[PDB]
């Protein structure tokens, strides 16, 4: 059975007006801005932007990749597909 989401989990993350986007659940570093309650810090591959999202917008990557892991015209998307598949746990700072 599924657990709750944890830092390092890989997902497609959905935001209004954007395609389901390869992403990971980030850690919060000591000293860093924490997310609102019930929200997770989401690191979007390719764009390397962070947003705060709740589980309703988080699709586990294994289950979802056949549907969502296809090239997209959007800036940063295909770079994001490479990252999630090839080095999803690297530092992209």
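Residue numbers count along the first chain shown, from 1.
Q: Quick check on the record: does 18 to 26 or 68 to 76 carry the larger mean Cα temperature factor?
A: So the stretch with the higher mean C-alpha B-factor is 68 to 76.
Q: Please work out which of 56 to 64 and 30 to 38 has the higher mean CA B-factor as recorded in the PDB entry.
A: If you average the C-alpha B-factors of 56 to 64 and of 30 to 38, the larger mean comes out for 30 to 38.
Q: Consider only the C-alpha atoms of the modelled residues in this chain, order them by B-factor as the entry records it, and name the third containing residue 88: lowest, middle or highest.
A: It falls in the bottom third of the chain.
Q: Sorting the chain's CA B-factors, does residue 7 end up in the lowest, middle or highest third?
A: Ranked within chain, residue 7 CA B lands in the middle tercile.
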